[PDB]
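S.K.: Residue numbers (UniProt numbering), protein chains in the order written: chain A, 149 to 295; chain B, 6 to 558; chain C, 31 to 537, 557 to 609; chain D, 11 to 103, 132 to 196.
Ideal Cβ positions, reconstructed from N, Cα and C, are used throughout, including at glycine.
Provided herewith is a single structure, encoded as structure tokens, for subsequent inquiry.
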Amino acid sequence: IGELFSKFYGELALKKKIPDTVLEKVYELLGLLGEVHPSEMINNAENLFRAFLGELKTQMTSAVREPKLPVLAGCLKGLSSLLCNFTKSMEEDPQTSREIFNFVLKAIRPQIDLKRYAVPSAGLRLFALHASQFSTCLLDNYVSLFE
Amino acid sequence: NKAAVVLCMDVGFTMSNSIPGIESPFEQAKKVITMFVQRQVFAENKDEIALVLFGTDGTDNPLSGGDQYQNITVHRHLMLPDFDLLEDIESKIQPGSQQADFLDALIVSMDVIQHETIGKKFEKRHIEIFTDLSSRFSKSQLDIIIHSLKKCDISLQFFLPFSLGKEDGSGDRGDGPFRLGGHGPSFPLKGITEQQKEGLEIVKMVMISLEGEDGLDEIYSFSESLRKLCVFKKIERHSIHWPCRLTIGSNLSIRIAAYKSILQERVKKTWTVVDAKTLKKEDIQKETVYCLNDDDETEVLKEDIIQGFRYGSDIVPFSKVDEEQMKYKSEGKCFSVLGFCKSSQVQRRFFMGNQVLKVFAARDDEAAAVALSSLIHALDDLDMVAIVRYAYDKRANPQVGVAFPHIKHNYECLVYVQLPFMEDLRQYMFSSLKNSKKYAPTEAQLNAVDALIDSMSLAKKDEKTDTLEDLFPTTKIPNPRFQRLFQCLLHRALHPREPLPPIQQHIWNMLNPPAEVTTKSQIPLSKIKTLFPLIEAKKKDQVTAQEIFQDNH
Amino acid sequence: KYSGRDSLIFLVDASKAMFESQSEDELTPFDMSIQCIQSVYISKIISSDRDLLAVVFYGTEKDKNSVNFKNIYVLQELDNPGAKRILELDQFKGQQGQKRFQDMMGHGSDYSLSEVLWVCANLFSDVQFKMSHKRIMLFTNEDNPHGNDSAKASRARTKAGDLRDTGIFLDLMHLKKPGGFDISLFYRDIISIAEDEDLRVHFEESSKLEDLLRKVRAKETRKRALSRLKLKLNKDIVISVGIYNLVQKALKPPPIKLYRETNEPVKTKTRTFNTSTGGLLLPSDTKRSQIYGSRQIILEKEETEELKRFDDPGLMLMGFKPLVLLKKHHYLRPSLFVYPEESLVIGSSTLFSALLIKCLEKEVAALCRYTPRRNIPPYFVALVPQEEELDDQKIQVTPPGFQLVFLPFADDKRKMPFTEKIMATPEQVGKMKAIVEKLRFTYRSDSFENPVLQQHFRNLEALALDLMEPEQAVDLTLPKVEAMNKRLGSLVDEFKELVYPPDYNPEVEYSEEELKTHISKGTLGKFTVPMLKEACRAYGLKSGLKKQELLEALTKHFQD
Amino acid sequence: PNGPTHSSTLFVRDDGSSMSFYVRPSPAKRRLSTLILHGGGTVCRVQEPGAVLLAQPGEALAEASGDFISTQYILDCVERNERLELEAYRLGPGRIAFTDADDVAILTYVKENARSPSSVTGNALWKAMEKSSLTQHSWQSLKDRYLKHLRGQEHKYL
DNA sequence: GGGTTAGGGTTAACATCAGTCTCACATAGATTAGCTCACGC
DNA sequence: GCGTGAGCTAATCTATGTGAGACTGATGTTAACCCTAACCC
């Protein structure tokens with residue numbers, strides 16, 4: 149109960165620039181808090197989904213700012229270790245699963261070699277942990293994914 | 006303080022008659038009108054624009070006489086500009102498939118001004134015409150247009166598809182010379198039909214009989230107005246009066262009026278944060294919340310907060326009331342003269358401020374004007390310049406500066422620019438670039454770079470009349486940032502789905518040197534590249550924003 | 031270099047003749063030295079509040095030092111100057127201060143002059159930071175400390191030479207006392223600055239101590255690159271330069287909020303609070319917006335910074351212009367400075383030097399498009415070649431390089447109203463010339479100080495050392511009206527008679562019923578904006594600032 | 011040779027605690043420091059939580075704040091030599135109608151129905167206006183801007 | 001007995017703009033996780 | 001297939017400084033409204 153706030157205390161709010169490494173592990177903490185007794189977590193909000201997104205498609209789809217790797221490299225192990233509960237899938241809500249799959253596919257597709265292999269490893273880890281939630285979008289472009 | 010400018014758009018078959026490699030004159034006029042109207046809309050200037058068309062098949066003339074007057078449609082009357090205005094100039098798809106009299110458009114605009122601005126206060130009315138001069142004329146008018154010798158504040162401004170710079174500008178080159186917003190090269194002069202010649206002749210005679218010899222420079226080309234602030238000329242409001250008194254000693258005082266001059270100008274409007282659920286600002290709410298340092302707190306109120314100034318390693322608690330009580334107190338606006346120093350001990354490098362002032366004279370009473378003119382002439386025929394202690398108001402800090410004499414064939418005044426204070430100055434230590442031995446360039450490099458700078462000179466001593474005729478000058482191009490922002494905002498207001506449009510081509514041609522300079526520098530640039538051993542891909546970063554995590558297809 | 035901080039150690043004598051002096055209004059040399067050290071402290075805390083200062087009295091009866099040495103006292107160790115450090119020193123001013131020092135420190139107790147120099151080196155060697163400079167001023171009223179014992183003099187000379195070899199430059203600010211002797215003596219081979227001087231034997235005044243220009247209370251020293259850009263002569267050939275600023279506006283340090291009860295800084299927390307429904311908002315559900323009339327334009331945050339991006343950060347050369355085409359009137363921003371740097375591109379300095387030489391040979395200035403950061407619109411710049419100028423003392427006053435000159439756009443030029451040209455005549459332009467020649471002035475950059483900043487700094491000093499009243503700054507930018515009037519003479523009146531005509535002097558209460566009746570009366574006249582505002586506020590209606598807003602809203606709502 | 015002629019235990023409170031007063035440096039504080047020092051109280055070098063915020067009378071900002079004690083309290087406490095209540099000297103307590139319509143309504147009916155040159159640059163002949171010819175504002179402003187409006191049809195002729 | 005001809009003396013409306021605040025981005029030392037490779041399994 | 005240690009270069013990371021965007025309030029300017037030297041019917 150005491151950690152749902154005091155760390156949501158403007159990690160999404162506030163205007164002062166939170167330091168780069170404190171935009172990955174704080175989101176990791178928020179995501180991984182959801183696998184501990186989801187009974188109370190079921191009525192918190194949907195705000196965690198928007199928080200894990202939003203910055204994604206901003207950290208991922210920014211045409212003006214250089215992407216910060218150790219932000220999504222740590223936000224990925226948010227949504228991953230948070231999807232272990234609330235049993236999100238495609239049959240019951242084919243809305244967020246599509247963008248989640250697209251974003252993780254972008255994460256595992258670097259399009260350019262680079263050092264500090266942090267985001268792609270998290271991408272494959274999330275994909276491996278639970279791919280059953282992507283029931284119908286895992287077999288439409290199977291050739292490229294397998295390659 | 007409210008103008009009334011009427012744009013006399015031309016639509017016609019000959020207007021759309023074009024040649025490959027050149028934008029249609031109708032499209033050029035559309036670009037110019039879009040620029041002008043969008044600037045006057047997104048800046049929210051308070052003035053009334055009228056748009057009238059001539060040459061279209063329909064004839065919606067409010068007067069129309071009893072007959073004739075055909076093919077001149079008044080699209081809108083004197084109104085505050087609206088988004089629908091530029092929307093429908095972008096929606097005025099079809100140039101008319103007809104031809105109408107050129108002067109008929111002028112009298113139509115004149116009667117529109119007369120019948121829409123009878124009793125309203127208008128600082129200066131305006132009529133701007135973007136014609137082709139390729140239509141049959143009527144040699145029965147100009148007996149009432151000229152007779153109306155501007156017994157009102159209406160004026161003329163003609164925009165033609167030509168290259169209206171009427172001097173030695175032959176050109177006629179074939180390197181794709183014409184570019185909208187281009188500079189130096191332009192439309193090939195001459196090669197003009199046997200109707201546009203007399204059209205330009207009578208236009209020149211009209212302008213001469215209206216403004217005088219100085220009115221010859223008042224007619225511009227379509228590509229010229231995209232790189233000049235000539236459309237808004239004679240609409241812009243003057244800088245506000247600033248009265249003061251220049252004093253020398255104690256009893257010598259001259260009434261003065263410093264008008265504002267060159268100053269950096271920003272965008273007036275502001276971006277307001279709005280929630281993405283109902284597009285309302287009231288739902289959003291932000292507030293500073295002062296919080297203590299130890300284990301946070303419930304709240305710390307406004308009334309329990311006092312100022313504090315760092316002084317050394319500790320903090321001395323000042324206060325708002327103490328600051329107001331014990332601080333520097335001047336004696337209101339002042340323009341006292343400390344003294345006079347040679348106009349060589351002040352240099353263009355040691356200037357400050359974001360503004361320049363032009364201390365003109367007193368008001369219309371020609372008593373202090375004589376004294377000020379005597380002072381500036383004594384400063385100019387002789388040498389040396391006047392230092393000044395200048396303060397805007399009681400609250401504003403006092404600043405020192407220089408007042409150079411500035412004499413022109415039209416007016417006479419000084420100009421004020423701030424000087425630096427003692428703490429305002431910074432001295433640095435740099436290694437000499439001439440005594441160095443490692444970086445001393447050899448004779449071949451010197452000759453190569455000499456040929457380079459001689460090739461890319463931006464000024465020609467044309468006619469050998471000791472006149473440095475200027476190539477592409479950067480002090481007349483409007484700030485492209487405002488036009489780009491206006492285009493982006495207009496596109497977003499009209500197409501709320503498409504992303505940000507790419508920068509317009511004429512904006513790019515506006516900010517680039519003339520093609521001749523680029524071509525004449527190719528060989529010297531190649532020689533510099535192959536001669537100077539300046540080749541380093543030293544691994545230091547790269548600009549990546551979106552093309553690092555995106556996909557292909 | 032950049033991170034090094036200058037360090038200073040004072041060395042105040044406390045001999046018997048150091049205290050006793052002539053019996054007149056002149057300050058005793060001890061009080062003079064203490065006042066000068068206090069002034070140096072005050073100057074160095076407002077300006078560059080990171081240097082290290084320490085004071086080491088020598089000749090005292092007590093002793094305090096890292097290594098036990100007789101008659102040497104280290105009142106303060108090397109640290110940033112502070113208000114408490116100043117207040118710990120002013121207690122020695124005056125005769126009562128002299129007695130306090132005597133009862134707390136002592137005097138006499140003949141010293142060695144070597145262990146003091148060793149002690150100073152000890153604190154110099156005990157710092158865990160960088161040492162840009164090391165200096166030791168030696169406030170003394172005597173010039174021949176020894177002579178009855180040559181061994182002590184030799185040891186002192188050896189230690190001084192060792193200090194100089196280590197990199198410690200001491201310079202004594204000699205104090206003058208009654209008598210006839212302050213001769214150049216066993217201190218000449220010790221001054222490691224070895225300042226050039228006539229070295230006149232019979233000095234009869236205070237030495238280079240007024241040279242402090244005491245309390246120059248405004249400065250902020252720093253040197254930094256401020257940018258590191260690429261100068262693209264073309265698309266493929268680029269050189270790397272740095273963009274320094276030579277002159278920059280000085281502002282007082284920003285104030286700090288404080289908690290009144292404890293006088294400790296309070297951290298601020300700005301965050302966009304809920305929509306009156308609870309919760310916090312994302313940077314992803316708050317889009318920027320603008321309104322023009324009835325049209326609302328909604329635009330995302332990143333797209334707002336996307337519409338003001340033209341070029342990559344760098345200087346795109348576009349040609350050369352003659353210097354005579356750069357008018358003096360046009361000016362927007364303080365002129366920046368360009369120097370060739372060789373960290374991103376090797377070989378930039380040679381091309382830069384060749385360009386500078388052949389650009390100031392042909393009196394032309396490079397024209398470039400300037401983009402300092404990632405998303406700033408381009409701004410044209412004329413690079414004026416600034417040739418190096420040096421004094422006879424081998425001191426650089428205008429370092430060589432290129433100087434930016436921001437050419438204004440046509441948007442930034444304002445238009446003046448039409449004025450009538452009225453010219454003067456001879457016989458009064460000559461009078462003006464005579465007045466101007468009678469008001470000569472050798473203008474210098476180091477002439478004036480910001481009066482507001484000076485007053486603020488003096489107020490802070492008074493509020494930190496309880497001086498019981500702030501020091502009144504002599505406003506250097508105030509014209510000397512009486513002196514210049516007396517110097518001018520009566521020719522000003524000859525001027526005034528010559529042109530100026532003889533007659534030219536140059537110099557709540559409201560309620561429902563009254564508004565219901567007034568809307569039919571239709572005036573809302575002498576009704577002031579301050580009372581319209583209070584009516585609309587206390588009643589709760591939307592209010593603005595322009596009169597027509599309220600005059601329309603109240604009229605439309607109150608009846609309809 | 012005199013002046014500190016009051017009790018050496020005045021400003022100290024009944025419990026033996028000296029009262030704290032804060033005054034910004036000023037000529038007034040020069041005498042007030044000695045006056046308080048002889049009075050047993052203490053004067054704070056800077057603002058402090060437990061101090062008394064003194065202020066000279068007439069200061070608009072201090073009075074508007076309403077958290078200041080007049081310095082006259084000190085002076086009248088010296089002569090009386092007796093402490094007294096602090097809050098005894100505690101500080102702290132439309133010419134509009136010239137639209138565009140009347141600007142043409144002026145010229146109408148006057149540019150035709152006016153035969154006396156004394157009507158302008160001289161009073162009267164607004165007796166016809168504002169009672170028979172309504173203008174819905176004051177009557178002595180038509181003859182203040184006919185001066186600003188001694189012009190031709192809207193914006194001039196030339 | 002009313003006015004005329006100028007010069008102007010109160011205060012309200014309000015547009016300006018210097019001054020102040022906040023947020024983003026630059027450089028310069030200071031400091032460490034990842035990223036390889038050479039060995040042992 | 002895989003651990004494990006060394007050196008390195010990439011990535012910070014805060015202190016300090018500078019400028020752009022938003023804002024706020026004192027101020028002086030223009031202007032509505034009326035009064036006043038002086039004459040002279």
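If you count every other CB in all the chains shown that lies within 10 Å of the CB of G191 of chain C, and 16 or more means buried, which is it?
M.R.: exposed
S.K.: Within 8 Å (strictly less), CB to CB, does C296 of chain B reach chain C?
M.R.: yes
S.K.: With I392 of chain B as the anchor, note down where its alpha helix (DSSP H) starts and where it stops.
M.R.: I392 of chain B -> not in any alpha helix (DSSP H); beta strand (DSSP E) instead, spanning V390 to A396.
S.K.: Please check if any C-beta of chain D sits within less than 8 Å of the C-beta of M331 of chain B.
M.R.: yes
S.K.: Spatial neighbours of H204 of chain C within its chain, please: CB distance less than 7 Å, with the 5 preceding and 5 following residues excluded, ordered by chain position.
M.R.: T170, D173, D212 and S237
S.K.: Determine, using beta carbons only, whether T549 of chain B comes closer than 8 Å to chain A.
M.R.: Residue contact with chain A for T549 of chain B: present (Cβ-Cβ distance below 8 Å to some residue of chain A).
S.K.: Would you mind stating whether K451 of chain C and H243 of chain B have Cβ atoms separated by less than 8 Å?
M.R.: no
S.K.: Label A513 of chain C either buried or exposed according to how many other C-beta atoms from any shown protein chain fall within 10 Å of its C-beta, with 16 as the threshold for buried.
M.R.: exposed
S.K.: So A135 of chain D contacts chain C; which residues on that side make the cut at Cβ distance below 9 Å?
M.R.: Simply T572 and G574.
S.K.: Going by beta carbon distance, what residues of the same chain come within less than 8 Å of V459 of chain C, once the five residues before and after it are set aside?
M.R.: In its chain, beyond the 5 residues on either side, no residue has a beta carbon closer than 8 Å to the beta carbon of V459 of chain C.
S.K.: Where does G308 of chain C land, buried or exposed, given buried means 16+ other C-beta within 10 angstroms?
M.R.: exposed
S.K.: Output the boundary residues of the beta strand (DSSP E) element that contains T428 of chain C.
M.R.: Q426 to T428
S.K.: Determine the contact status of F435 of chain B and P429 of chain C, defining contact as a CB-CB distance below 8 Å.
M.R.: yes
S.K.: Can you give the Cα-Cα distance for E330 of chain C and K163 of chain A, rounded to whole angstroms?
M.R.: 17 Å
S.K.: Flag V212 of chain A as yes if its beta-carbon sits less than 8 Å from any beta-carbon of chain B, otherwise no.
M.R.: yes
S.K.: Give the residues from the segment 153-180 of chain A that approach chain C closer than 8 Å (Cβ to any Cβ), ordered along the chain.
M.R.: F156, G158, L160, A161, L162, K163 and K164
S.K.: According to DSSP, what are the bridge partners of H131 of chain B?
M.R.: B:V10
S.K.: Nearest by alpha-carbon distance to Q52 of chain C: which of C:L83, C:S378 and C:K207 is it?
M.R.: C:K207
S.K.: Give every residue of the same chain whose Cβ lies closer than 8 Å to the Cβ of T90 of chain C, excluding the five residues on either side of it in the sequence, and list them in chain order.
M.R.: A44, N101, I102, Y103, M135, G136, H137 and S139
S.K.: Start and end of the beta strand (DSSP E) containing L600 of chain C?
M.R.: Annotation for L600 of chain C: no beta strand (DSSP E) segment contains it, though the alpha helix (DSSP H) segment containing it runs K596 to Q608.
S.K.: Quick one: what's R100 of chain D bridged to in DSSP?
M.R.: D:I79
S.K.: Determine the contact status of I207 of chain B and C13 of chain B, defining contact as a CB-CB distance below 8 Å.
M.R.: Against a cut-off of 8 Å, the Cβ pair of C13 of chain B and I207 of chain B comes out as no contact.
S.K.: Would you check if there are 3 or more beta carbon pairs closer than 8 Å linking the segment 323-343 of chain B to the segment 483-501 of chain C?
M.R.: Yes, since at least three Cβ pairs between the segment 323-343 of chain B and the segment 483-501 of chain C fall closer than 8 Å, the two stretches touch.
S.K.: Where DSSP assigns a beta bridge to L419 of chain B, which residues make up the other side?
M.R.: Bridge partners of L419 of chain B: B:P410.
S.K.: So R586 of chain C is in the alpha helix (DSSP H); what residue range does that whole segment cover?
M.R.: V578 to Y588
S.K.: Is it true that the segment 103-117 of chain B meets the segment 133-151 of chain B, where meeting means three or more beta-carbon pairs spaced less than 8 Å apart?
M.R.: yes
S.K.: Starting from the beta carbon of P483 of chain B, find every residue of chain C whose beta carbon is closer than 7 Å, and list them in chain order.
M.R.: Correct list: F439, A440 and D441.
S.K.: Short of 8 Å Cβ to Cβ, which residues in the segment 210-242 of chain A face chain B?
M.R.: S210, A211, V212, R213, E214 and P215
S.K.: Please classify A113 of chain C: is it buried, with 16 or more other beta-carbons within 10 angstroms of its beta-carbon, or exposed?
M.R.: buried
S.K.: If we call anything under 8 Å between Cβ atoms a contact, is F410 of chain C one with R399 of chain C?
M.R.: yes
S.K.: Who are the Cβ neighbours of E159 of chain A in its own chain at under 6 Å, not counting the five residues just before and after it?
M.R.: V174
S.K.: On the three-pair Cβ rule with 8 Å, is the segment 30-42 of chain D touching the segment 67-85 of chain D?
M.R.: yes
S.K.: Against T604 of chain C, what residues of chain D qualify as contacts under a CB-to-CB distance less than 7 Å, listed in chain order?
M.R.: Neighbours of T604 of chain C on chain D: none; closest Cβ ~13 Å, over 7 Å.
S.K.: Could you check where the alpha helix (DSSP H) with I260 of chain A kicks off and where it finishes?
M.R.: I260 of chain A -> no alpha helix (DSSP H), and no H or E assigned at all.
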